[PDB]
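Chemist: Could you have a look at this structure, given as structure tokens, before my questions?
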Amino acid sequence: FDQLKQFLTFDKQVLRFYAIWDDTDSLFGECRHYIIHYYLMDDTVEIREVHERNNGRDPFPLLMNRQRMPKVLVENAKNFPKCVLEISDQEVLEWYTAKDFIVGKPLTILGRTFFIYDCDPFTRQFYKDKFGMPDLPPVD
Amino acid sequence: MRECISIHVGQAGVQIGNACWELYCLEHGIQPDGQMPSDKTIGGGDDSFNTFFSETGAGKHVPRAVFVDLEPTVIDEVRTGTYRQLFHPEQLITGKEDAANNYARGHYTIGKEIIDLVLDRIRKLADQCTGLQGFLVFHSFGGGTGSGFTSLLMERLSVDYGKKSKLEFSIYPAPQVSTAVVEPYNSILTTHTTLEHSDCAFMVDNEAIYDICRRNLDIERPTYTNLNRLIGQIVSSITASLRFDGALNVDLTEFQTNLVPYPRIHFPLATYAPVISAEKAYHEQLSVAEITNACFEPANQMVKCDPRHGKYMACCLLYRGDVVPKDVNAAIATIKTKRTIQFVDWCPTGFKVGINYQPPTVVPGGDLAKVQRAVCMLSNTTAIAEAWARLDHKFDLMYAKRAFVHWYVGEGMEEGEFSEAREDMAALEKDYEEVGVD
Amino acid sequence: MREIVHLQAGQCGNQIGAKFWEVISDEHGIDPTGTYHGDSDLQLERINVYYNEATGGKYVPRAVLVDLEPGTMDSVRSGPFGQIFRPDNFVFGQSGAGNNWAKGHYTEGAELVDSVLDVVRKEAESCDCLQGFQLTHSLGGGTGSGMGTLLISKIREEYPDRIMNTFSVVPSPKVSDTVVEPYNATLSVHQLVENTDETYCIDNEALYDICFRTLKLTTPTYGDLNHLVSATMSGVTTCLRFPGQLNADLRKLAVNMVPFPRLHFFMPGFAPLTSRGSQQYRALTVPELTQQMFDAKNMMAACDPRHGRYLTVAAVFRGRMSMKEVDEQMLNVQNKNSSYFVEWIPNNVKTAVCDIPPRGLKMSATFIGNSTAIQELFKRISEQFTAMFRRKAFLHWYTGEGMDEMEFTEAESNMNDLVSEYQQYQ
Amino acid sequence: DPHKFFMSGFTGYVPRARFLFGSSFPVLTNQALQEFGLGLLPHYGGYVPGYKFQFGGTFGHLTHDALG
């Protein structure tokens, strides 16, 4: 796989999803707004926190750093020493792809369930052109 | 929230900054309108434009720069061009008359009028920055409003703000190619009075960039426009450790502790590694282990000077893009086994490294290719002493017949400081031969 | 029940110590949300040592996170396990130290350490019985080497009789990544011999070569060297949390390993390191772990330990093992090469066997060495500070800040003390 | 769930046990692991709502309607 070809074809192309993380079932849980970025150049995911005025949170712009996200780990990877080693392609059975991000579906990242409720106009056009999906209506 | 003032005086520095400020708007999402795109996302975190741009609640993003020139015609083309709706209309300070290659027409006579409208923007600009860190001035030595007038800011900004590092980037006069007839005169005047207030004044040359663009870029019959986007990329790689993230972040507070050993040995010079056209940059492997060695050429230096006549004192290798830090470390140890790249005895360490996570950018309609990596070394060599040998000898022939003088003394300036500015630049030159004595 | 306070200063100590909690929480069963998902019931029964439990079950750690440049505490909260800490525990200014020793211990440090020590005190009171202090120093400059000794010389004024556990990355014989590096080293080892009961040395040179010929990596970044550090860092405190067969806490590990008061700088290690390729071609037992432990190429500090002896060696053991196997194979290694120890004390091995192996193995160990070869690591900084000194190089960013010059010979004269003490008893 | 408790004196960890009071160590520990998975009386010093509109009957027969 020509990593340079993927980079050159998809340079600065980012899919942007609007998501909620509903944690209200937790004792101090709040329903919170997040922006999910999927970078087409390297298949990496970044999760940004949306801060409202007077929300009482420390202004940290990121929930998750830009990294490649494992969808399914190999059964033996339960014993993988994550404290010393980064997860390689050998421990991951399936990586998150652009196909896995769908408006109106729950998305489970690192044990947090995000509900994707909308996507930007570029992402909407990209899904129409690449996957032949009909218009991705925003969920209220 | 760490901030930087970017003053552009003279006629060169107002012209580099036309090509400098198009690059910061390009790295982030900001249109030349100043607004941010509705649909396209560039990927920017939340505050990475916080360093150079002051976001206002109206949606516009407003830059931190002051573009002052006494001769009006060069800021009036920025006041009409593509970047009109970017600036603050009070930033662009317009004069009335020339400075006309005269030091004393810009520093003393006409300079006494315009200076309070210059300073009353800087002392307003500081009061909105809550994390201010220093200055990024852009002028030129061989003129009359970038030479006389830079030391009229420098001997006041040092008085008010005290100890904050000030990093001015100046086009050094070239050996053979030269335009003004009087630039051996007004070069010495702006370094007798600004070496006492500078902290690190970097050097760029016109003759050296005219040759590395002839060969590496393989362009020919070049312009001034094709030079400004090579000086716009150095300063956007200096100021990438304030807007991005990475392994080693070298920010602006320690450029005086990394690069300045003794308090008057602060004249370092910079290069940039992967300058290849779009037909040859895909035909070889450009990795970490050789773009750190293409930095150490004689023919890749932005200043026309042989590095091989003097030993280095302190480097700084500011990497960028896709670099893992093992590849730097085996590559610096390649350098010190070579008996040509001569380091010197009181500094065993010498090298200082920063890494980052954002690749180089390319301007649309550019001359440069798309590369993953970028290295911008900054070296404090002792070879620049004989770049000051010639320009004292240029002074020593024209003063030897009192030539060209009376345009200076007429416009409020004593003759008594010609003899003591060249008394001074002996005492600057006597230091570089003193420090090299092991 | 016997808790330890953790402190994170500097760049290199913030980032390694934040890779320390992703190994600690992995052993005990906390997901990055902060709640508990684990299988074994032996993790819960001594969870209090490093963690505080919070109303709801979000098991919150016990570290204090101070640095002046705020760009890294916006960068370690944003990790995989960053979102567990205390947001009250974050202390910062805005002016970075700039690799200066007098911006940490003298000038800006007179501001913030009056507000550092009262966030330490807010978790000393919630500990039932404290016994020690972890700090992740970073000797590579003046952001975690200057103000690190501004905290441990203030904590040791408060608690005279408690353990100090500093894990400090040490300068290197290769080309360094800071030009004022021999300046800032010798300032901060004048005080580390008076306030710490050990200082576990780490070198970036050795951790580029443990992972070069043993683990055989291809591109080892900074994310992989920290697992090597954090594994030893989590192996020394196992007898405090997990049941064992000879149990040895941090004072049990004290009187073994310091004969004279000023010989406490040590050397770390970790036994069962294999390739990704030859894992199933290799069978591991006690007598193979012993040969993997006692070689010069499995030390995490860039010295060769065959230019000296060992005053006291301790190797803690984890897993399901017997103890004739353990003890008789430390008797052979004191007998097969007995000219590399000290004759004036007969025994040289402290043995501690736990009953819980780590994640992903069946037995592991951790090697701790106190050699006389550490003077070589101190000979270099004694040799390359002097040549940066007699010409007064690089200097006025100290003296122009609050330094003097009279303590630049009253720190070198104590650097060359420790070289004299290690060599004299050889 | 019999034998879901801890002995009196177990140094160790039991969750939800800093937050429960009032009974000794084994009785609390069983709770700490299950959680880990008609007319009013005269001369009363309290207020019946409506006690401005009652006349001519008994406190028993006028405070019955409050509870029914």
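Even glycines carry a Cβ here, placed using N, Cα and C.
So Swiss-Prot lists these for the protein:
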- B:10-12, B:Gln15, B:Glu71, B:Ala99, B:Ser140, B:143-146, B:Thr179, B:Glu183, B:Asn206, B:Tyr224, B:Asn228, B:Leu252: GTP binding site (BINDING)
- B:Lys40: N6-acetyllysine (MOD_RES)
- B:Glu71: Mg(2+) binding site (BINDING)
- B:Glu254: active site (ACT_SITE)
- B:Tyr282: 3'-nitrotyrosine (MOD_RES)
Chemist: Compute the C-alpha separation of B:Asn228 (GTP binding site) from the residue listed as 'active site', stating it in Å without decimals.
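Modeler: About 27 Å separate the Cα atoms of these two residues.
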Chemist: Mind sorting out which of the binding-site residues B:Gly10, B:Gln15, B:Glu71, B:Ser140, B:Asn228 are close to chain A, meaning Cβ under 8 Å from one of its Cβ atoms?
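Modeler: The binding-site residues close to chain A: there are none.
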Chemist: When the Cα-Cα distance from B:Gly10 (GTP binding site) is computed for each of the recorded positions B:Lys40, B:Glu71, B:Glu254, B:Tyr282, which gives the smallest value?
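Modeler: Looking at Cα distances from B:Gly10 (GTP binding site), the smallest one goes to B:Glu71.
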Chemist: If you measure from the CA of the residue listed as 'Mg(2+) binding site' out to 10 Å, which recorded positions from the list B:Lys40, B:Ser140, B:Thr145, B:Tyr282 are inside that radius?
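Modeler: Correct set: B:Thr145.
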Chemist: Rounded to the nearest angstrom, how far is the Cα of B:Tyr282 (3'-nitrotyrosine) from the Cα of B:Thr145 (GTP binding site)?
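Modeler: Computed Cα spacing between B:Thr145 (GTP binding site) and B:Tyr282 (3'-nitrotyrosine) is 43 Å.
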Chemist: Counting Cβ neighbours within 10 Å across all chains shown, tell me which of the binding-site residues B:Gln15, B:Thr145 comes out on top.
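Modeler: That would be B:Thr145, with the highest Cβ count within 10 Å.
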Chemist: If I take the alpha carbons of B:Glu254 (active site) and B:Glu183 (GTP binding site), what is the distance between them in whole Å?
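Modeler: Checking the Cα atoms of B:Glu254 (active site) and B:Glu183 (GTP binding site) gives a distance of 33 Å.
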Chemist: Measuring Cα to Cα, how many Å separate B:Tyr282 (3'-nitrotyrosine) from the residue listed as 'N6-acetyllysine'?
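Modeler: Rounded to the nearest whole number, the Cα-Cα distance is 28 Å.
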Chemist: At the level of the C-alpha atoms, what whole-angstrom distance separates B:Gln15 (GTP binding site) and the residue listed as 'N6-acetyllysine'?
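Modeler: So the Cα of the residue listed as 'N6-acetyllysine' lies 30 Å away from that of B:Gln15 (GTP binding site).
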Chemist: By a 10 A CB contact count over all chains shown, which of the recorded positions listed here is most packed: B:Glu71, B:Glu183, B:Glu254?
Modeler: B:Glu254
Chemist: Would you mind listing, in sequence order, any of the recorded positions B:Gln15, B:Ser140, B:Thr145, B:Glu183, B:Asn228, B:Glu254 that have a CB less than 8 A from a CB of chain C?
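Modeler: Listed in sequence order, the recorded positions near chain C are B:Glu254.
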Chemist: State which of the following binding-site residues has the fewest other Cβ atoms within 10 Å around its Cβ: B:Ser140, B:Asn228.
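Modeler: Looking at the binding-site residues B:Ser140, B:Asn228, the Cβ with the fewest others within 10 Å is that of B:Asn228.
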Chemist: When you measure from the Cβ of B:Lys40 (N6-acetyllysine), which residues in the chain that are at least 6 apart have a Cβ under 8 Å away?
Modeler: B:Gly29
Chemist: Return the single residue from the recorded positions list (B:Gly10, B:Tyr282) that has the minimum number of other CB atoms within 10 Å.
Modeler: B:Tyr282
